[PDB]
Amino acid sequence: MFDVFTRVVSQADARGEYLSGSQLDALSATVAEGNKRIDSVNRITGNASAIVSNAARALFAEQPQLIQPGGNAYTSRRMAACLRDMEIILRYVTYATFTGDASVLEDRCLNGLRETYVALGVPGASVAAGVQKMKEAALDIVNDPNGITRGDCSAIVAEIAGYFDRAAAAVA
Amino acid sequence: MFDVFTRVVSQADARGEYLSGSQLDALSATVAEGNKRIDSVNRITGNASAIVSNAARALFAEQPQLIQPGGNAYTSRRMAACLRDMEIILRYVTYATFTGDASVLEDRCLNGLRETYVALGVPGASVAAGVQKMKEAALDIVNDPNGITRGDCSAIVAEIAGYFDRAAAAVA
Amino acid sequence: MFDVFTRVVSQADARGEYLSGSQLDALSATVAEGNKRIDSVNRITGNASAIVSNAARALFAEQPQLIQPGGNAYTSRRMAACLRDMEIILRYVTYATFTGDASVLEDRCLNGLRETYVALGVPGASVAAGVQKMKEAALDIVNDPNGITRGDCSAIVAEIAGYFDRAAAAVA
Amino acid sequence: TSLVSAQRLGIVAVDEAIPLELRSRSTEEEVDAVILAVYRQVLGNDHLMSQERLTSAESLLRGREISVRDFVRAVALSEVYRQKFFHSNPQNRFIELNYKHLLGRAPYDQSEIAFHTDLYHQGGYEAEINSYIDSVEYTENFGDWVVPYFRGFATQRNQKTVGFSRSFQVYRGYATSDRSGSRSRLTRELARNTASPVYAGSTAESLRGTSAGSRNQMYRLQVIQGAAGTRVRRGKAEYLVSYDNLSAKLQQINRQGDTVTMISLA
Amino acid sequence: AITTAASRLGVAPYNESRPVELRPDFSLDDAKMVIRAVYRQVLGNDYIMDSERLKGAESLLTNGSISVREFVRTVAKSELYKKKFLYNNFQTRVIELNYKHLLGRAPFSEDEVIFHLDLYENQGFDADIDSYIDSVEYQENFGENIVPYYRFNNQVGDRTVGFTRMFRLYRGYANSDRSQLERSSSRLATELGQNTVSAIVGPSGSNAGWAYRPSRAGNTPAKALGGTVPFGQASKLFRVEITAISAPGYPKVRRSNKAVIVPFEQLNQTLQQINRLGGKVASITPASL
Amino acid sequence: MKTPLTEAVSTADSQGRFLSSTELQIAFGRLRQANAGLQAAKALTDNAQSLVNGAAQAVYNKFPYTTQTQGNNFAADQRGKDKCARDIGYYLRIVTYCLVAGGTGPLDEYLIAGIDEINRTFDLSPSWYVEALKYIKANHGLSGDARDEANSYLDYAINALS
Amino acid sequence: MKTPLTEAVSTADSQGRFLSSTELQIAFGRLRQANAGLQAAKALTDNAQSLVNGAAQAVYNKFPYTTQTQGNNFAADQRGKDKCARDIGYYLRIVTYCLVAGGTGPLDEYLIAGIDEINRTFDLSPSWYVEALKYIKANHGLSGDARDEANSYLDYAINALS
Ligand SMILES: *[C@@H](C)[C@H]1/C(=C/c2[nH]c(/C=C3N=C(/C=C4\NC(=O)C(CC)=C4C)C(C)=C\3CCC(=O)O)c(CCC(=O)O)c2C)NC(=O)[C@@H]1C
Ligand SMILES: *[C@@H](C)[C@H]1/C(=C/c2[nH]c(/C=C3N=C(/C=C4\NC(=O)C(CC)=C4C)C(C)=C\3CCC(=O)O)c(CCC(=O)O)c2C)NC(=O)[C@@H]1C
Ligand SMILES: *[C@H](C)[C@H]1/C(=C/c2[nH]c(/C=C3N=C(/C=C4\NC(=O)C(CC)=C4C)C(C)=C\3CCC(=O)O)c(CCC(=O)O)c2C)NC(=O)[C@@H]1C
Ligand SMILES: *[C@H](C)[C@H]1/C(=C/c2[nH]c(/C=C3N=C(/C=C4\NC(=O)C(CC)=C4C)C(C)=C\3CCC(=O)O)c(CCC(=O)O)c2C)NC(=O)[C@@H]1C
Ligand SMILES: *[C@H](C)[C@H]1/C(=C/c2[nH]c(/C=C3N=C(/C=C4\NC(=O)C(CC)=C4C)C(C)=C\3CCC(=O)O)c(CCC(=O)O)c2C)NC(=O)[C@@H]1C
Ligand SMILES: *[C@H](C)[C@H]1/C(=C/c2[nH]c(/C=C3N=C(/C=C4\NC(=O)C(CC)=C4C)C(C)=C\3CCC(=O)O)c(CCC(=O)O)c2C)NC(=O)[C@@H]1C
Ligand SMILES: *[C@H](C)[C@H]1/C(=C/c2[nH]c(/C=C3N=C(/C=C4\NC(=O)C(CC)=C4C)C(C)=C\3CCC(=O)O)c(CCC(=O)O)c2C)NC(=O)[C@@H]1C
Ligand SMILES: *[C@H](C)[C@H]1/C(=C/c2[nH]c(/C=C3N=C(/C=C4\NC(=O)C(CC)=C4C)C(C)=C\3CCC(=O)O)c(CCC(=O)O)c2C)NC(=O)[C@@H]1C
Ligand SMILES: *[C@H](C)[C@H]1/C(=C/c2[nH]c(/C=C3N=C(/C=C4\NC(=O)C(CC)=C4C)C(C)=C\3CCC(=O)O)c(CCC(=O)O)c2C)NC(=O)[C@@H]1C
Ligand SMILES: *[C@H](C)[C@H]1/C(=C/c2[nH]c(/C=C3N=C(/C=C4\NC(=O)C(CC)=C4C)C(C)=C\3CCC(=O)O)c(CCC(=O)O)c2C)NC(=O)[C@@H]1C
Ligand SMILES: *[C@H](C)[C@H]1/C(=C/c2[nH]c(/C=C3N=C(/C=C4\NC(=O)C(CC)=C4C)C(C)=C\3CCC(=O)O)c(CCC(=O)O)c2C)NC(=O)[C@@H]1C
Ligand SMILES: *[C@H](C)[C@H]1/C(=C/c2[nH]c(/C=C3N=C(/C=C4\NC(=O)C(CC)=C4C)C(C)=C\3CCC(=O)O)c(CCC(=O)O)c2C)NC(=O)[C@@H]1C
Ligand SMILES: *[C@H](C)[C@H]1/C(=C/c2[nH]c(/C=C3N=C(/C=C4\NC(=O)C(CC)=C4C)C(C)=C\3CCC(=O)O)c(CCC(=O)O)c2C)NC(=O)[C@@H]1C
């Protein structure tokens, strides 16, 4: 897998070229955002159970067919699998945020997930809806102003939004 | 394929729900952005031949192994096929820019392309390098301030760069 | 696997019959050629490293795009994997020469090798070119008339050429 | 197919393709489009050089002297079609290319391989090619004025189900072509009247997690296995292995004498 | 097989335990049984807390995304396995544990230690685990769909030295491979280095002299070099391993474990003396003739 | 599916051509229509439940037999009424999708293709849905370009049904 | 790719747990090192050609037989000298990659893995490359944290070759 540094390194190595001044400057720029990125990872991790639980409750409240008997989230084993799945997605989204690259999320988590869900009859649209709930729950937690140094986190919020969209798009 | 509107339409239909207020406002924001998107498509189209020819010249200068005898761009037929691949990739990037969605790239341009290149022995990394050259040239052409109404086209330039990078990653 | 005797044994057993006088005489003729077969195997084995290194050098001289950055033989682990593949092809060709039968080469080396190279993006045609270089060097080495009892080794040389062609045809 | 299966199988463009019909009193651009569509579909999406174009045949199509079916026949009988699909190909690969280019489908039965093989042996390439174009299937699907298009992904009347699956063995994607000598992927499937799993588009990929190796790449090895160890429970087997254990899997498959039918990235 | 001594050793529960195979198109109990068997056998019967369970590997095995062999590989490469068996152990002990878990047998000779130690040092732990799992022995015994199990019974390519060393590595059913008397020490370093064997001492509840372990030095050798000459007239000589010697107390008793070579004619007296010294007889092996 | 942008691109691609001024004019027409289409979709979404309930009642009023004859295809019981309201909501939601997309593509892909043999197999009369669409036309309360485009989608559905 | 961040995520993923304070401290250390690594990469990149030519000359000076003995593995001709300069440039460029990535991962992925098979097959002496790396160490002109991290990667390559 790649992080934000090794992605540019791999592209440069494929070209057999040193990183240009602009690429090194961009990497320095993402180093300057590193504190904000660590804060984002920490805040989502510190609220992960609440994010998963509230998102799942909202998902079943707006889609009661998932929890009706015979529904895909009915029975404790399938409900546990669904909750675990939400937590797995959230965890790999945090991995992608930490690394600064979606390679871990795409390669280890998202690849083949749509096929698995199809093969199992897990409704990918409702999983995408659940990831969307985890989306704003986590974006509001990252953007919570209380008890943190003042500054603009719009870029890291956009990057986390992109990871969450990749996961929802992959499942749906 | 999808445009910027049918992507969210298909997502909503899978969810079986109406487009929310936020999605409709985001689509309205995309519509207000539409004129600069049409300029970017027009500017890339009007300079497509120069983009393809200059990028090909730069690629063959940087990688002379392609054009020497026995190389994959040697002989007129193979060289012309390479020039057609470059033109085709640029054309589909314009399609993606015009529609506002990348599905035209996966559905058509990148659908089995890596398999094709492996089967024929076309070097995919070299194709990715040529695509990167076309990216830099086309982004320069789109960002040209002469002979156009001044304004911020950073979002559309970022989107076009994303289409080019996705094309490059399909073959790299 | 099969060797030269067990091949005709399997064919005879599928027909429920003993070998005929012609089949026994053909096997006796194979026995009469056994010293030259052992000599050919020994000569290729004693020069295996030279054959692999010289063939690889010739291949990368004629196909420089393999070793330019981004090429499939570029980076030390991929160049070493390529040299290892050359060595494996040569070793299984020697096995086929030893047994007098191509079953070991087909069943233990060429089984799924084309699909493996396609899946990995390894250019099979360039592997075949390397195999052709190994063929020409090895056939010269088997025909060298210095320090060996003079004899006509055209039949065993043709058989070794057939094994090399089998390998090169399976990869290309 | 509908979108939800179409994106997964990578056949969205085929589904949304509209048949192209040369109507009477067609303009120059319409004849240009028909000629381009025929070259694209009959020659299997190759980059067609201007020196390989059938100038006289397309002139006859332009002057309405011949029909679309006649121009398709002329392209199929042309030396360009022979060069890139017949002279360097085995007969079974050649006739599946004919089925794809001329009827827009994969072969249904091994008897269809026995046909067009005997037909070639008796009446030559021209009779063998004319069998497809003069067939009832071509007539009912395309007639004299509709450019042939691929139909294997849609339910056809008098079709076997396997065709749909076999369709993914002859159509490898929108950005693909039938350019490179090659062996048919359907030989064993047709001979033994079987079906193979569809690994097209995103269907081939599988979950990785932490089980994939250093480079996070899984490979699917479809093999045919028998008892040579432990008990074999199926003749068909699928192995999902990381790249780092791929060589080890190949060698242990090899020393048990199992034949590898396919290896793909998952 | 092992029939009369199966219960005395820890072999009896594994005699009626059939290998756990994941059949094609398996059910969910089959998947859970494979997960349970892999945890019990690969992790050597350690209790697995819920927080340490590999949820993702379990999910993938349940889904069919990985095979039993792949799941075993993921468990053996996991941080849980390395915490339990790698980070606090001499690499020879790591090799012993690898052979016991992934192959269900003890190492046969020093060559295996050489191969695995070189491979760990040159290519890492993951490559070494791969060599255990991609081995021909693994393929013939377990293959792709069978959980590795203890190979107590004689097989085609066995050496009897492995049968003896199995009971040095396995110490009973209610034992956990990190809860054995020797703790983190390598059990076979001396044996593999010297190509020697130890008398088999069975697990605790079935064998009173279970706790016998030879010391670092001052151990009575296996065979009676010299014959019966130091014992006057004697018929046959026996090596007796004695554990839990305490009654006389220090300094009369220095080591609680003692091996003595005694004649047949003193065997009665030896047993009485052992009873007096409060000891337990671990094993008695012929030492002469 | 059928939208000005996707069809412009598909027509250009089938001809192997770059997007020219023709496709640019197509995009300009889409931009001119799109804001009105979006505000029509918003207006239909906000008043969606009232429109669906009123349309179902209008269908029941003009076809009273659907409310007291027993059978799977009728709305005499609660199950039939739920199915009917769900179907009319399907129609309204897909029409809003068409307004968003700028073409009948959502209707064709989701509803129109295959509607006739569904209506035939389950013995569902298309005149019921025609009356529902007529109520939606008469009660959506739209004006200008929003009304014109929305009514075009509604009577496209009506024409497909009749 | 052995980098602090990728390995931290990989270790966390093997335990199937979220990133705790340990991984955050790994990221903080990576941030502390990254600016020095980037300036080291810039300094090596700007001086790369003179470093490669000087390193090649240093190797040719220490081992004059490489410039005067016929053979494919030597630099007695222009082809061998070009191969030698290309190899030293590979070494320097991948060292810059390591400085950018914050670990030996580029060296491991691109150069170190399989290099001994390369040197054995093509009869290339690792002592030559050790001398080239020593010249780069003695001549890169770096100071402080940049020098320490760059010398760590150069010494990593030296230790691999010895
Ligand atoms: C980034 C892309 C650059 C940029 C663009 C930009 N364009 C406009 C405005 C208009 N552009 C057009 C386009 C066309 N008119 C035509 O007839 C044709 C051919 C079919 C084209 C391509 C139109 C209609 C307009 C509106 C009228 C006007 O000239 O203002 C803007 C202004 C904002 C807007 O959305 O209208 C911008 C920002 N501007 C830059 O600075 C970039 C280099
Ligand atoms: C074509 C292959 C070349 C060739 C071969 C050739 N060899 C022999 C004869 C023999 N060579 C051997 C070989 C070995 N003796 C050993 O102990 C070993 C090491 C294990 C080897 C490899 C033997 C035993 C013989 C027979 C006795 C002899 O020394 O002659 C012949 C003679 C014919 C025969 O089959 O006996 C020939 C023809 N000769 C050429 O000219 C080719 C270049
Ligand atoms: C929850 C929002 C939705 C839902 C979920 C659900 N998922 C499954 C089963 C599986 N989920 C996975 C996914 C993963 N496993 C991993 O290790 C990882 C990381 C690589 C992922 C993403 C897998 C593999 C399975 C199958 C194996 C298993 O059961 O664990 C189920 C159970 C399905 C069944 O029939 O057993 C469920 C219920 N279901 C919903 O309805 C929600 C919308
Ligand atoms: C060299 C002439 C060409 C070349 C080779 C190349 N091969 C690989 C990788 C693999 N090659 C094999 C093949 C085998 N492994 C075996 O054990 C045997 C016997 C059954 C064979 C024939 C396999 C399985 C692999 C992948 C797994 C592994 O490497 O162990 C590579 C590496 C590709 C990569 O790292 O991504 C290369 C470079 N490449 C060229 O460019 C030459 C034309
Ligand atoms: C209904 C009980 C279930 C269901 C069905 C469903 N099937 C398809 C698509 C196809 N069905 C076939 C099958 C055949 N075609 C034939 O000609 C024959 C006879 C020889 C058979 C058996 C094929 C080939 C297809 C694909 C091509 C085509 O659609 O024309 C679909 C559509 C899938 C899509 O995404 O479009 C559906 C919905 N689906 C369910 O959920 C039911 C359980
Ligand atoms: C140029 C940058 C590099 C290069 C190119 C090259 N490509 C081919 C052959 C083909 N290219 C395509 C691609 C497409 N066809 C399409 O219809 C689409 C749109 C969806 C795409 C992307 C295909 C299918 C082929 C197959 C053959 C054909 O003739 O169409 C070649 C020819 C190889 C040969 O003649 O054997 C070449 C040379 N080669 C380089 O070296 C450059 C790096
Ligand atoms: C040039 C000296 C004169 C001239 C020529 C002209 N011809 C056409 C059109 C056609 N010509 C043919 C003839 C053939 N096509 C063939 O393939 C062959 C061999 C079998 C022949 C003899 C045909 C069939 C056409 C119609 C199709 C087409 O237009 O290509 C035109 C064009 C007419 C039009 O576009 O309507 C022209 C201009 N014109 C002159 O003024 C010269 C005296
Ligand atoms: C509780 C009353 C007392 C106590 C207990 C305690 N036990 C252990 C560890 C283990 N217990 C067993 C026993 C079994 N495992 C089995 O499978 C079976 C049936 C066949 C039995 C009887 C084993 C093998 C272990 C070791 C495995 C493990 O994971 O520990 C501990 C843990 C010790 C430690 O973690 O260091 C404890 C605490 N402790 C008390 O204080 C109570 C008096
Ligand atoms: C070198 C200074 C001296 C020397 C060394 C020597 N050692 C061995 C053999 C072994 N060394 C070990 C060591 C370890 N095992 C571990 O687990 C650890 C790391 C965690 C260590 C350090 C082991 C287990 C062996 C046995 C396996 C093997 O042979 O490699 C030998 C070979 C002994 C033999 O006869 O085979 C040697 C030569 N010998 C000297 O003379 C030096 C003073
Ligand atoms: C027969 C002459 C006498 C006899 C024999 C007997 N042996 C066993 C059990 C085993 N025998 C072995 C021996 C070996 N295993 C090996 O791998 C090797 C070769 C490398 C040897 C020599 C072992 C280890 C066992 C136990 C494991 C197993 O049997 O698979 C038994 C069975 C005892 C029991 O069932 O408990 C018997 C009966 N018994 C007599 O009475 C004869 C004097
Ligand atoms: C005290 C910190 C812990 C403890 C001790 C304990 N020890 C014994 C018994 C014995 N200890 C020895 C000692 C030695 N043998 C030697 O040769 C050496 C070196 C010279 C030593 C230190 C021996 C031989 C015995 C057995 C005979 C004897 O008791 O003298 C006991 C008594 C055990 C019993 O039940 O018999 C105890 C209690 N126990 C604890 O709980 C402390 C942690
Ligand atoms: C309401 C106007 C009248 C009515 C309705 C009614 N409909 C059904 C059953 C179905 N309706 C559909 C329609 C759709 N499904 C879709 O996915 C879409 C496109 C997005 C549409 C338009 C279908 C397919 C069915 C059958 C399957 C199902 O039950 O969902 C029923 C029940 C018929 C039955 O036999 O179950 C009813 C009652 N009934 C009235 O009386 C109204 C006048
Ligand atoms: C320079 C210090 C000395 C020297 C160099 C020399 N090297 C070669 C050949 C090769 N060098 C490499 C090395 C690499 N390839 C890579 O991709 C990388 C990792 C990114 C490395 C480090 C390889 C693989 C080769 C062989 C294939 C190739 O030509 O690329 C040669 C030629 C050897 C031959 O037999 O052709 C030479 C001359 N020679 C000197 O005399 C210097 C002291």
# chains A, B, ... in the order shown; residues from 1 in each chain; ligands from 1
>>> residues_around(residues="residue 100 (chain A)", least_positions_apart="6", cutoff="9 Å", atoms="only C-alpha atoms", output="ChimeraX atom specification")
/A:2-5,30,37,159
>>> write_last_selection(atoms="N, CA and C atoms", output="compact mmCIF listing (two decimals), in the first residue's frame")
# COMPACT_ATOMS: atom_id res chain seq x y z
N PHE A 2 0.21 2.39 -0.34
CA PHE A 2 0.87 3.68 -0.35
C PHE A 2 0.33 4.61 0.72
N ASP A 3 1.18 5.53 1.12
CA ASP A 3 0.78 6.71 1.86
C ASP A 3 0.97 7.91 0.93
N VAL A 4 0.73 9.11 1.45
CA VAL A 4 0.80 10.32 0.63
C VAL A 4 2.21 10.55 0.06
N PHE A 5 3.25 10.05 0.73
CA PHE A 5 4.61 10.22 0.24
C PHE A 5 4.97 9.15 -0.79
N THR A 30 1.65 19.18 2.72
CA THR A 30 0.87 18.20 3.46
C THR A 30 1.52 17.83 4.78
N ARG A 37 -4.41 16.54 10.45
CA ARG A 37 -4.72 15.17 10.04
C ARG A 37 -4.70 14.21 11.23
N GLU A 159 -10.81 15.70 2.30
CA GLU A 159 -10.13 14.43 2.03
C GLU A 159 -10.86 13.26 2.70
>>> residues_near_ligand(ligand="ligand 9", cutoff="9 Å", atoms="only C-alpha atoms and all ligand atoms", output="list in words")
residues 89, 90, 91, 92, 93, 94, 95, 110, 111, 112, 113, 114, 115, 116, 117, 118, 121, 189, 192 and 193 of chain E
>>> write_last_selection(atoms="N, CA, C and O atoms", output="PDB file, in the first residue's frame")
ATOM      1  N   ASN E  89      10.559 -15.294  22.766  1.00  0.00           N
ATOM      2  CA  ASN E  89      11.121 -16.628  22.649  1.00  0.00           C
ATOM      3  C   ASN E  89      12.385 -16.656  21.810  1.00  0.00           C
ATOM      4  O   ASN E  89      12.505 -15.938  20.818  1.00  0.00           O
ATOM      5  N   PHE E  90      13.326 -17.486  22.253  1.00  0.00           N
ATOM      6  CA  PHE E  90      14.463 -17.901  21.445  1.00  0.00           C
ATOM      7  C   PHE E  90      13.952 -18.514  20.147  1.00  0.00           C
ATOM      8  O   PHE E  90      12.980 -19.267  20.155  1.00  0.00           O
ATOM      9  N   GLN E  91      14.590 -18.164  19.027  1.00  0.00           N
ATOM     10  CA  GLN E  91      14.064 -18.551  17.718  1.00  0.00           C
ATOM     11  C   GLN E  91      14.010 -20.065  17.535  1.00  0.00           C
ATOM     12  O   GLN E  91      13.163 -20.557  16.788  1.00  0.00           O
ATOM     13  N   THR E  92      14.847 -20.824  18.250  1.00  0.00           N
ATOM     14  CA  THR E  92      14.692 -22.278  18.247  1.00  0.00           C
ATOM     15  C   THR E  92      13.376 -22.699  18.893  1.00  0.00           C
ATOM     16  O   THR E  92      12.674 -23.561  18.357  1.00  0.00           O
ATOM     17  N   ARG E  93      12.990 -22.051  19.997  1.00  0.00           N
ATOM     18  CA  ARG E  93      11.669 -22.280  20.577  1.00  0.00           C
ATOM     19  C   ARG E  93      10.560 -21.862  19.623  1.00  0.00           C
ATOM     20  O   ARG E  93       9.523 -22.530  19.545  1.00  0.00           O
ATOM     21  N   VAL E  94      10.778 -20.781  18.867  1.00  0.00           N
ATOM     22  CA  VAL E  94       9.810 -20.356  17.859  1.00  0.00           C
ATOM     23  C   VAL E  94       9.628 -21.446  16.810  1.00  0.00           C
ATOM     24  O   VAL E  94       8.505 -21.742  16.401  1.00  0.00           O
ATOM     25  N   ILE E  95      10.727 -22.073  16.385  1.00  0.00           N
ATOM     26  CA  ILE E  95      10.668 -23.151  15.400  1.00  0.00           C
ATOM     27  C   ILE E  95       9.917 -24.358  15.957  1.00  0.00           C
ATOM     28  O   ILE E  95       9.092 -24.964  15.259  1.00  0.00           O
ATOM     29  N   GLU E 110      18.452 -31.212  13.429  1.00  0.00           N
ATOM     30  CA  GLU E 110      19.045 -29.886  13.453  1.00  0.00           C
ATOM     31  C   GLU E 110      18.969 -29.191  12.098  1.00  0.00           C
ATOM     32  O   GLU E 110      19.059 -27.961  12.040  1.00  0.00           O
ATOM     33  N   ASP E 111      18.800 -29.948  11.012  1.00  0.00           N
ATOM     34  CA  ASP E 111      18.709 -29.341   9.687  1.00  0.00           C
ATOM     35  C   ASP E 111      17.487 -28.438   9.575  1.00  0.00           C
ATOM     36  O   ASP E 111      17.550 -27.377   8.946  1.00  0.00           O
ATOM     37  N   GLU E 112      16.364 -28.844  10.172  1.00  0.00           N
ATOM     38  CA  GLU E 112      15.176 -27.997  10.169  1.00  0.00           C
ATOM     39  C   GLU E 112      15.414 -26.700  10.936  1.00  0.00           C
ATOM     40  O   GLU E 112      14.959 -25.630  10.513  1.00  0.00           O
ATOM     41  N   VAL E 113      16.120 -26.780  12.068  1.00  0.00           N
ATOM     42  CA  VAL E 113      16.484 -25.573  12.803  1.00  0.00           C
ATOM     43  C   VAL E 113      17.356 -24.672  11.945  1.00  0.00           C
ATOM     44  O   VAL E 113      17.128 -23.462  11.877  1.00  0.00           O
ATOM     45  N   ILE E 114      18.335 -25.260  11.246  1.00  0.00           N
ATOM     46  CA  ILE E 114      19.213 -24.508  10.348  1.00  0.00           C
ATOM     47  C   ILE E 114      18.406 -23.774   9.285  1.00  0.00           C
ATOM     48  O   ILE E 114      18.562 -22.561   9.091  1.00  0.00           O
ATOM     49  N   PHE E 115      17.516 -24.502   8.606  1.00  0.00           N
ATOM     50  CA  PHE E 115      16.736 -23.935   7.514  1.00  0.00           C
ATOM     51  C   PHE E 115      15.857 -22.797   8.016  1.00  0.00           C
ATOM     52  O   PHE E 115      15.866 -21.698   7.459  1.00  0.00           O
ATOM     53  N   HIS E 116      15.122 -23.038   9.101  1.00  0.00           N
ATOM     54  CA  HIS E 116      14.149 -22.063   9.570  1.00  0.00           C
ATOM     55  C   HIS E 116      14.822 -20.854  10.205  1.00  0.00           C
ATOM     56  O   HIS E 116      14.365 -19.727  10.013  1.00  0.00           O
ATOM     57  N   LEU E 117      15.916 -21.058  10.944  1.00  0.00           N
ATOM     58  CA  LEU E 117      16.633 -19.931  11.528  1.00  0.00           C
ATOM     59  C   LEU E 117      17.288 -19.072  10.456  1.00  0.00           C
ATOM     60  O   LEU E 117      17.214 -17.839  10.520  1.00  0.00           O
ATOM     61  N   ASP E 118      17.887 -19.702   9.436  1.00  0.00           N
ATOM     62  CA  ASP E 118      18.437 -18.940   8.321  1.00  0.00           C
ATOM     63  C   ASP E 118      17.346 -18.174   7.592  1.00  0.00           C
ATOM     64  O   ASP E 118      17.537 -17.011   7.233  1.00  0.00           O
ATOM     65  N   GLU E 121      16.158 -15.221   9.621  1.00  0.00           N
ATOM     66  CA  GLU E 121      17.141 -14.151   9.694  1.00  0.00           C
ATOM     67  C   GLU E 121      17.330 -13.450   8.352  1.00  0.00           C
ATOM     68  O   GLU E 121      17.562 -12.240   8.323  1.00  0.00           O
ATOM     69  N   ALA E 189      16.540 -27.940  21.991  1.00  0.00           N
ATOM     70  CA  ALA E 189      17.829 -27.419  21.544  1.00  0.00           C
ATOM     71  C   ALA E 189      18.947 -28.433  21.781  1.00  0.00           C
ATOM     72  O   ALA E 189      19.721 -28.735  20.868  1.00  0.00           O
ATOM     73  N   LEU E 192      18.073 -31.697  19.629  1.00  0.00           N
ATOM     74  CA  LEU E 192      18.324 -31.523  18.201  1.00  0.00           C
ATOM     75  C   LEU E 192      19.806 -31.332  17.905  1.00  0.00           C
ATOM     76  O   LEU E 192      20.317 -31.859  16.911  1.00  0.00           O
ATOM     77  N   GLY E 193      20.515 -30.609  18.774  1.00  0.00           N
ATOM     78  CA  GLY E 193      21.941 -30.419  18.581  1.00  0.00           C
ATOM     79  C   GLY E 193      22.732 -31.707  18.709  1.00  0.00           C
ATOM     80  O   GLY E 193      23.649 -31.960  17.927  1.00  0.00           O
TER      81      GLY E 193
END
>>> residues_near_ligand(ligand="ligand 2", cutoff="6 Å", atoms="only C-alpha atoms and all ligand atoms", output="count of residues only")
17
>>> residues_near_ligand(ligand="ligand 6", cutoff="7 Å", atoms="only C-alpha atoms and all ligand atoms", output="ChimeraX atom specification")
/B:56,66,71-73,77-79,81-83,85-86,88-89,108-110,113,116-117,120,122-124,126-127,130 /D:45-48,174-177,179
>>> closest_residue(among="B:105, B:67, B:61, B:167", to="chain F", atoms="only C-alpha atoms")
B:105
>>> decode(residues="region 137-141 of chain E", atoms="N, CA and C atoms", output="PDB file, in the first residue's frame")
ATOM      1  N   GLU E 137       5.022 -31.257   3.173  1.00  0.00           N
ATOM      2  CA  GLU E 137       4.474 -31.957   4.328  1.00  0.00           C
ATOM      3  C   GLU E 137       3.108 -31.403   4.718  1.00  0.00           C
ATOM      4  N   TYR E 138       2.985 -30.073   4.747  1.00  0.00           N
ATOM      5  CA  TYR E 138       1.698 -29.453   5.032  1.00  0.00           C
ATOM      6  C   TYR E 138       0.661 -29.842   3.990  1.00  0.00           C
ATOM      7  N   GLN E 139       1.043 -29.800   2.713  1.00  0.00           N
ATOM      8  CA  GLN E 139       0.121 -30.117   1.632  1.00  0.00           C
ATOM      9  C   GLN E 139      -0.369 -31.553   1.718  1.00  0.00           C
ATOM     10  N   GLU E 140       0.531 -32.498   1.989  1.00  0.00           N
ATOM     11  CA  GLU E 140       0.110 -33.890   2.077  1.00  0.00           C
ATOM     12  C   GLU E 140      -0.697 -34.171   3.331  1.00  0.00           C
ATOM     13  N   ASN E 141      -0.443 -33.456   4.417  1.00  0.00           N
ATOM     14  CA  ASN E 141      -1.161 -33.776   5.639  1.00  0.00           C
ATOM     15  C   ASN E 141      -2.492 -33.050   5.735  1.00  0.00           C
TER      16      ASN E 141
END
